Structures are given as structure tokens and as C-alpha cells.
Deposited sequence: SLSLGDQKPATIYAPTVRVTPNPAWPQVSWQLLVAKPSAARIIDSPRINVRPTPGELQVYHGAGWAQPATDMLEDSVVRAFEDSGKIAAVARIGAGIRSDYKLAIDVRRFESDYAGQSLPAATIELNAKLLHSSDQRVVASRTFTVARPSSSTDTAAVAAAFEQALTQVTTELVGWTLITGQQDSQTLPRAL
């Protein structure tokens, strides 16, 4: 089995507020099929398979849990991020798959929902669905994994920025 391990470095955005509240990143939740080290593929729309002889170094929720927390760490925008505090970031992962979408070449696809909660009231600050699809350049699993690095990097960038901004607009009230 070839083992893929994407490298996700998230570039800090100059327009993200520098904050001083504290962030707990929860374990992402997901169906067992996503939360495996196996790599999902949807060769036709109603159907899931796994690439044979390919897998992920970590389960997909953990790659996602590490990207998110590492990107908060590396941002310079927030001094306090932790795993298992003022806010809690909870992610539910809906799709983590190589999606052919009736095309010749598939798209690495991540769809997920984040809630930001205010730890005190167990108060939903906001919620948002993020979908990212990045076309792969061939059908070999190596091309697919490369696309997944791109999708991971892009969704994590959208998460971090939305967490900081949403958190900060809530904190100011």
C-alpha cells in the first residue's frame, strides 16, 4: 500500500484580526467511511469505492484536525489554540472523496460544516458550510493526493479566517 501524506502550510492573511480570546478546536466528526485512513472515490454519482493499494498517513478527520490547529498556530493571529477557553470550533465532515462528477478526471472534494460556539452559554455564534473541489491532473492516486493537498490547504484557509473574523465580531459585543 502506498501511503500519502499531504503537507499543508497555511499562509497567514494580513486582514485576519489579531485576537486575544482562546480557541478550542474539537475533534471533527464524520461517518466511519470518511474517518478511515482509506481514500474514498465516487466513480459514479450514487456510489463509493476506495482506491486499492493507496491510503492516508492519518485518518481524514485527523489530517483535518491537524491542518486547522497548525494553521491557527502558524498564523500569528491567535496565541491560544488547543485540542483536548472562550470559543469552541466544531467541524462535521460531510464529504472527503475523489469525485469523478461525470468527468474524465476526478476532483478532490472536501465538504464540511463548522460551528463556532461560545463555551459559556453553549451559544451558537455562527455556522457555515465550506465546499472545496480541486481537479486532479490524472487518475493515478498520486495525482489525486496532490489535489487533496490543494483542497485541504484551501478549506483550512477558509476555516481559519472565518473562525478569527466571526469569533472577533462576536467578542466585540
item	value
Missing stretches, numbered from 1 on the deposited chain sequence and kept in order	1-9, 94-98, 188-192
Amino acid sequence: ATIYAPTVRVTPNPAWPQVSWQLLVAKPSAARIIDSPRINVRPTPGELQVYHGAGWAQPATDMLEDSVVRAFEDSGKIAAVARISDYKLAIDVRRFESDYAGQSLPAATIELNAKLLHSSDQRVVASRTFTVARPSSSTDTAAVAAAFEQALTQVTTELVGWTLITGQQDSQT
From here on, numbers count along this sequence of modelled residues.
item: Average Cα temperature factor in the PDB entry - higher stretch of 102-110, 116-124; value: 116-124
item: For residue 19, the third of its chain into which the C-alpha B factor falls; value: highest
item: Third assignment of residue 34 from its chain's C-alpha B-factors; value: highest
item: Position of residue 78 among the chain's modelled residues by C-alpha B-factor, lowest, middle or highest third; value: highest
item: Where the record places residue 130 (Cα B-factor, split into thirds across the chain); value: lowest
item: Ranked C-alpha temperature factor of residue 52 among modelled chain residues, by third; value: highest
